[PDB]
Structures are given as structure tokens and as C-alpha cells.
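Student: I'd like to ask you about the structure that follows.
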Amino acid sequence: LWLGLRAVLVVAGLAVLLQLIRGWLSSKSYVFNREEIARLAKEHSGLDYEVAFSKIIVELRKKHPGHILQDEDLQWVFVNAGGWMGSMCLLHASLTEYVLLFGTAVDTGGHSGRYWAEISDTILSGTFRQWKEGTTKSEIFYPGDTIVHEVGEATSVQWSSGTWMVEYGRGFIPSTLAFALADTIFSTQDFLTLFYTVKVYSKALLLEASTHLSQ
Amino acid sequence: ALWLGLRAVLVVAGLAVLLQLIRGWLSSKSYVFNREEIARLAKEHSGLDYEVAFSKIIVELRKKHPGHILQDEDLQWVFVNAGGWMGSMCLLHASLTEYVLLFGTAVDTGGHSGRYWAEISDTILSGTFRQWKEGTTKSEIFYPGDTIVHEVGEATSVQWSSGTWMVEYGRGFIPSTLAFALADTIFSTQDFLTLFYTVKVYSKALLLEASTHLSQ
Amino acid sequence: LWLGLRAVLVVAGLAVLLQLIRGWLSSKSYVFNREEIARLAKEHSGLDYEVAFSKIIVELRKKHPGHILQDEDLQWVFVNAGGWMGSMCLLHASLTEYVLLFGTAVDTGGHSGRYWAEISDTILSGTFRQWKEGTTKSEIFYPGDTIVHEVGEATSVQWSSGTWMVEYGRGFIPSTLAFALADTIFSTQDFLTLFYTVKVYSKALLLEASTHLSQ
Ligand SMILES: Cc1cc(OCCN2CCOCC2)nn1-c1ccc2ccccc2c1
Ligand SMILES: Cc1cc(OCCN2CCOCC2)nn1-c1ccc2ccccc2c1
Ligand SMILES: Cc1cc(OCCN2CCOCC2)nn1-c1ccc2ccccc2c1
Ligand SMILES: [Au+]
Ligand SMILES: [Au+]
Ligand SMILES: [Au+]
Ligand SMILES: [Au+]
Ligand SMILES: [Au+]
Ligand SMILES: [Au+]
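Residue numbers (my numbering), protein chains in the order written: chain B, 11 to 225; chain E, -9 to 206; chain P, 11 to 225.
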């Protein structure tokens, strides 16, 4: 039973950490909320999406100081995943939550990704075709609408040029990155984009850790 | 000098013994379905709502071929990510040599058709089907009622529109084809639940065919 | 610190080879130039792109004998990369330069690929949507226009049915093929297309080697 030691240790660790992370998520005080981010995005779903980004970042830094990256640590990073290609501006990211501005200037679409996190996107501009699993028809969502991609759900997404949205995700964030960079690894091979993503995520993690240390 | 190389010689011997075995089996096997049969059955219902067409096609298939089409309890729409496109399938029948399914997409997708060891026929029930054959510079658009025969060893570029639905029948060595149907699910989407669903429906169809053979 | 010798040697080798190849490319005598290919392509920017292909191949074989493959060694090879799919006709290829006719008859788009080479594409027909990195808006280019995808640059590309262009790339060509075949490896699994690409590249390399040997 010596060769079973590795497998038993792996099973024990994975189930001890499933239980640990699941109890942590059910007893942790979160910074942001899905209704909060969706409401803030709906407040500005009218004007030019750039002005919406500006006002949303201003209100976020006012209402949650020390939790949004500084303008020095902001950059649009490409995101290739599930067969679609867009760009993101990460405003906040922790081990359990993340907030970003996502969108595309080209017509793309693919797999939404099935991960251990609840994600909410409020469309600021463009169109969002969603095709839920097990169906034969898709629905199109317009600026002002908010789509909640639940945990374990998998849909087909499609966007139009100029489609932009504010996105908030809550769950176990690392387990999701495996999907967000798969195409960057096996399709685009844009390792510099991978580096940019890791860089901005590390900056958000260090910002959150510094804010925790100050308190 | 044959110790290093023993693995390579065993691999070559096995691959050629199994190419011979499989190609002799495919040339001496009585098949269940036919390309023209499925094409006619699909074209007969190409004018109705593709959902109603699906219903009537499943009924006629279970009527004319009892014991070879899955029961309604074992049917479910499984996402399919492959060649850069994304659609969904409903597997009606599948063995080691044949498969019948209802394929289509509710979003605008397109990519590589996939080159495999099987002849595949698709009859469009609704939507549009852009096909771009290899070595050409122009593409053709196929409409409901048309039937496309993707021959063995052929590779094309496919593109679909929202609401494109079709009945598809493939004949050949089915396992060697699944490698293409799940590549994006492995390296791009990582939707392992969809991988499990695919293995599930294929195993269910294989067990149904094995049970029908055992009863006979 | 004995096993740090391997890592230090690896870094030293990679930087000595970076310096070697980069100095070579900065001092090498090239056969073609981007303005030459771009002007020749713009002269024939029309609707009947096929006649443009024929006349361009004729002019290339006239002004540079022994550097363009013969009609026997020409074939349209599928190209899957970055999430898009097109087809190519390789006219010339070496270790530092390559000239081809690229295009698609279907609607595709994805990652342009970030490689160690400057690439120039002159659109003969169709439309070319380019989305530059770090921006939120995309530009649309039409037949006659020439786009220079610079070294280290990464953009999002999108094409329409019937989009065809003449492309010339200069740099370290092998390091680019890794991107050009990634989707063929992990997405399409079209090993025959991989063989065709390797075959036409080998034919071009042997043609250029024969021309060097004759001189
Ligand atoms: C986990 C993840 C999924 C994803 O997909 C694009 C967003 N939306 C998904 C659903 O609906 C359409 C668009 N991006 N992303 C990500 C990527 C990079 C990240 C970096 C730091 C923190 C979170 C980070 C999170
Ligand atoms: C082998 C294969 C190719 C494919 O591609 C989508 C269909 N068409 C292809 C050509 O034209 C456009 C659409 N699905 N598929 C498959 C996927 C899962 C399967 C599961 C069980 C049995 C056969 C199974 C077969
Ligand atoms: C390196 C590379 C990139 C590429 O991408 C498509 C062209 N364009 C790129 C930028 O803008 C849009 C379209 N093809 N390709 C290639 C593929 C095969 C090759 C074979 C031999 C020599 C060079 C060879 C070069
Ligand atoms: Au930004
Ligand atoms: Au931003
Ligand atoms: Au079904
Ligand atoms: Au069905
Ligand atoms: Au050619
Ligand atoms: Au050609």
C-alpha cells in the first residue's frame, strides 16, 4: 500500500481544502456585492462607455478606498479564452472577489467557461448573445441588462464590436484563471499577455494584502 | 540493438495489425444506417420548425430501426467545442462504426471541419452552412434541404448562423474522430463536465448497441 | 550552488544567441523589402484577386529569379492560428524572409500572434479589422491599404469572406511557425495541414539553398 500513499494524500488534501475554502467563503466578509456593482454600472449605462468607466472608477475609489488599483497600475490586457478574444482593465482582485471592465472591439464569441465562481456582467454598450446549455435558442441582452453566470453554469457567449461591460466575480478566483489563459497558452502563445495578467493580478493581491496589514 | 526500438517495433506492429483488423472489419460489416436514408428522412421534414423536424425524425428512426436509437431518458444536448467553433449535439445512435446525431448552434460560429477517418453527411434543417473546401479561394452557402458529404480525409472550413440545425450521419472508425470533437474542450474551454457528458452519451449508445447484439 | 550553474548557463546561452541572431538580422542583406511587396500588391488591388495573384507571382519571378517557388511547388495550405482560419500560398521563404499570399473565404478573426518578425500585409480584396493592443476601438482597412504588424506588437485581427492580401515577413522565421501551427496542434489536429506547411517551407528553404549554392 506504499504506492497508494500519494493518491491517499492527494485525496485527503483536496477534500480538506475543498472543505476549508468552502467554509472560508461562507464565513468571510466580502468587500463588494453583485447588486452594488450592477447598480453602479446601471447608473452610467447611458453615456459614452469611456465616461462610464471613468465615473465608475471614481465612485469605486470613493466608496472603497484602498481596494481599487491606482491609475499607474491600470492597463488594458488582452484576454483570449474559450475561443473568444477581448480586453480587460482589472480594478480590484483578491482571492475571493474581482472587479474589472471587460469588452471587445471586434466580433468574437465562444465558451463562457465553467468554473467555481459566480460572475455578474452589466452591459454598458454593445450586445451580448447568451446561449444556455441544453437549449436550442439564444437571447440577446442590451445595455442596462445584467447577466449572472452562476457557479457550475456553462453558456455560449457572443459579442459585437464595441461591446463593453462591468464585471464582478466572487468565489475561488485562482481556479478560474486556468480558463482565462488557456487560449493564451495553446492558441495565441502570447506569453507577454500572460505576464501582463499575472502582473495585474499580483498588484491587486498586494494592494489587498497591504490594506489588510494597515488595519 | 533491438532493445531500444523494441517499443517502436511493437507500436508499428500493433498499429498495422489493428489497421488491418479494423479495415477488414469495416469492409465486411453490415451497417445499420445509410447516408441516403438519413438524408431523405431529414429532407422530408426540412420545411417544418427544426424542433418539430427533430421530433418527427426521432420517431421515424425508432420506428424503422427499433433497438438502435437511445430512449428519451438518455437524450441530452451536449455542447461541442472543436476546430474553433461551438455548437451542441443530440446523439441518437452511436457504435464503433456509425453515429447519428442532431447538431446545430444558436450563435454565429465557425472553424475547422475536422479531418478524420469517417465519411460524414449533414442535411441542413434550418439556418445556413458556409463550406470552404481545401485548396480553393471561394466558399459556398448551403440552405435547408441541402446535404453535404464530407468525405474521408477531406478538410474544409465550416461556418454557421444562429438557428442553423442539421441531421448528421457518420460512418467509419468513430473513436478516432472523438479526438477532434473534444480538442477545444481539453485545451481551450476546459469544460470537463462537457467531456464527461460526451463520454457518457457515447458509452450509453455503445451499451445500447451491445445489448441489442446480445439479445440477437 | 552547483545546480545554479545550469540556470546561469541557460541564461547566458539564450542571451548570446539573442545577440547573435539579432545582430545578424540587423546587418543581413535581404532579398525583398516591405515597400517593394506593398507597391507590387497595391498595383493590382482589384476585385478579380486571382488575376492579381497570377500577375504578382509573375512579377516576383521576373524581378527575383531563383527566389520564388515554381508552380509545381505551390499549394493552398490551411492556416489555423490565434482562433482564426485562412489559407496561404507560399511564394518565397528563407530563414529571415518569407512572401506569401494569405486570405480567407469565411468570416474569421482572433489573435494576430506576437512573434520576432516584422510583418506587412497589403489587402488585395475584402476588409481587415485591426484592434491595437491597449485600446478600446478598432480600425477597418480596405483593399490597397498596407498594415505593418511590428515586432513585439500584438493586435486582434478580423476578416470578411473573400479577404485576400499579399504578406511579407522579415525576422527569425522559425520562431514564428510556433504560433502558425498552435491551433493545428491543439484545436484542429489536422496533421496533414502540418505536413503541408512543413513541406512547402522545406521546398522554399531548399530552393533558396540551391540559389545560394549556384552563386
Ligand atoms: C476568470 C475570468 C473569466 C474571464 O472571462 C471574461 C469575462 N467574462 C466572463 C463571463 O462573461 C464574459 C466575460 N475573465 N477572467 C479573468 C481574467 C483575468 C483576471 C485577472 C485577475 C483577476 C481576475 C481575472 C479574471
Ligand atoms: C466526430 C464528430 C465531429 C463533430 O463535428 C460536429 C458535426 N459536424 C461535423 C462536420 O460538419 C459540421 C458539424 N462532432 N463529432 C462527434 C462528437 C461527439 C460524438 C459522440 C458520440 C458519437 C459520435 C460523436 C461525434
Ligand atoms: C508566421 C505566420 C503568421 C501567419 O498569419 C497569417 C498571416 N497574417 C499574419 C498577420 O496578419 C494577418 C495574417 N502566417 N504565418 C506563416 C505560416 C506558414 C509559413 C510557412 C513558411 C514560411 C512562413 C510562414 C508564415
Ligand atoms: Au485600463
Ligand atoms: Au480602465
Ligand atoms: Au436531446
Ligand atoms: Au434531440
Ligand atoms: Au498556390
Ligand atoms: Au497561389
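Here a beta-carbon is modelled for each residue, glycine too, at the ideal position from N, C-alpha and C.
Mind checking whether B/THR194 and B/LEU187 have CB atoms under 8 Å apart?
Tutor: no
Student: When DSSP labels each residue in this structure, what does B/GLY179 get in the three-state scheme?
Tutor: DSSP places B/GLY179 in strand when its eight states are reduced to three.
Student: Does residue 212 of chain E come within less than 8 Å of chain P when only Cβ atoms are used?
Tutor: Lying before the first or after the last residue shown, residue 212 of chain E is absent from chain E, which here runs from -9 to 206.
Student: Below 8 Å, can you find three or more Cβ-Cβ pairs linking the segment 126 to 135 of chain B to the segment 164 to 179 of chain B?
Tutor: yes
Student: Just to confirm the assignment, what range does the alpha helix (DSSP H) spanning E/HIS35 have?
Tutor: Unbroken run through E/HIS35: none, as it is neither H nor E.
Student: Is B/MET95 near ligand 1 - that is, is its Cβ less than 7 Å away from at least one heavy atom of it?
Tutor: B/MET95: no, Cβ never under 7 Å from ligand 1.
Student: Would you call the segment 119 to 137 of chain E and the segment 51 to 60 of chain E in contact, with 3 or more CB pairs under 8 Å?
Tutor: no
Student: Indicate whether P/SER135 and P/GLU218 have their beta-carbon atoms separated by less than 8 Å.
Tutor: no
Student: Is it true that the CB of E/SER178 sits closer than 8 Å to the CB of E/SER147?
Tutor: no
Student: Determine the chain E residues that contact P/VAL116 at a beta-carbon separation under 7 Å, and present them in chain order.
Tutor: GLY100, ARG120, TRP122, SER129, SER147, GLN149
Student: CA-CA distance, E/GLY153 and B/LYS147?
Tutor: 7 Å
Student: Nearest chain B C-beta to E/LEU91 closer than 8 Å, yes or no?
Tutor: no
Student: Nearest to B/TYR211 by alpha carbon, out of B/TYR108, B/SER55, B/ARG16?
Tutor: B/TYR108
Student: Where the beta carbon is closer than 7 Å to any heavy atom of ligand 8, which residues qualify, in chain order?
Tutor: P/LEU84, P/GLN85, P/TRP86, P/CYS99
Student: Is B/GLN85 close to chain P, meaning its C-beta is less than 8 Å from at least one C-beta of that chain?
Tutor: yes
Student: Can you say whether P/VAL68 is buried or exposed, counting buried as having 16 or more other CB atoms within 10 angstroms of its CB?
Tutor: exposed
Student: Return the bridge partner residues of B/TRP34 from the DSSP annotation.
Tutor: DSSP links B/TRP34 through a beta bridge to no other residue.
Student: Would you mind listing the beta strand (DSSP E) stretches within the segment 73 to 121 of chain E that are 3+ residues and don't spill past its ends, in chain order?
Tutor: 75 to 84, 88 to 95, 100 to 102, 108 to 116
Student: Since B/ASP200 contacts P/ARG124 with CB under 8 Å, what's their CB separation in whole angstroms?
Tutor: Approximately 5 Å separates the beta-carbon atoms of B/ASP200 and P/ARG124; this is inside 8 Å, confirming the contact.
Student: What does the Cβ neighbour count give for P/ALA91, buried or exposed, with the cut at 16 atoms within 10 Å?
Tutor: Looking at its Cβ environment, which holds 16 or more other Cβ atoms inside 10 Å, P/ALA91 is buried.
Student: State the DSSP-derived secondary structure class of E/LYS128, mapped to helix, strand or coil.
Tutor: Collapsing the DSSP output to three states places E/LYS128 in coil.
Student: Using beta carbons (cut-off 8 Å, strictly below), is B/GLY123 in contact with chain P?
Tutor: No, because no Cβ of chain P sits closer than 8 Å to the Cβ of B/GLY123.
Student: Might you give, ordered along the chain, the residues of its own chain that have their beta carbon closer than 7 Å to the beta carbon of P/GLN80, omitting 5 neighbours on each side?
Tutor: none
Student: Ligand 2 heavy atoms versus the CB of E/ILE164: any closer than 7 Å?
Tutor: yes
Student: Check whether the Cβ atoms of E/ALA43 and B/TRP141 sit closer than 8 Å, and answer yes or no.
Tutor: Their beta carbons are not under 8 Å apart, which means E/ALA43 does not touch B/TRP141 by this criterion.
Student: Select from E/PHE23, E/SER18, E/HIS58 the residue whose C-alpha is nearest the C-alpha of E/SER205.
Tutor: It is E/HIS58 whose Cα lies nearest to the Cα of E/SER205.
Student: Pull up the CB-CB distance for E/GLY74 and E/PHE93, whole angstroms please, since I reckon it's below 8 Å.
Tutor: Going by Cβ atoms, the distance from E/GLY74 to E/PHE93 rounds to 16 Å, so no, they are not a contact pair.
Student: Compute the Euclidean distance between the alpha carbons of E/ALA(-9) and E/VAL7, then round it to the nearest angstrom.
Tutor: 23 Å
Student: Where do the ends of the alpha helix (DSSP H) carrying B/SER185 lie?
Tutor: 184 to 190
Student: Out of P/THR221, P/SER220, P/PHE182, point me to the one whose CA is closest to P/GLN29's CA.
Tutor: P/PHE182
Student: Along the chain, where does the alpha helix (DSSP H) containing B/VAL208 start, and where does it finish?
Tutor: 201 to 224 is the span of the alpha helix (DSSP H), which, as asked, contains B/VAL208.
Student: Could one say the Cβ of B/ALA188 lies closer than 8 Å to chain E's Cβ atoms, at least one of them?
Tutor: yes
Student: Measure from the C-beta of B/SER197 to each C-beta in chain E and report whether the shortest distance is under 8 Å.
Tutor: Put simply, the CB of B/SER197 is near chain E, with a gap under 8 Å to one of its CB atoms.
Student: What residues match up with P/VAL167 in a beta bridge as DSSP calls it?
Tutor: P/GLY120, P/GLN140
Student: At a Cβ threshold of 8 Å, is B/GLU60 touching chain P?
Tutor: yes
Student: Measure from the alpha carbon of E/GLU130 to the alpha carbon of each residue in E/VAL142, E/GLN149, E/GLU144, E/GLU141, then state which is nearest.
Tutor: E/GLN149
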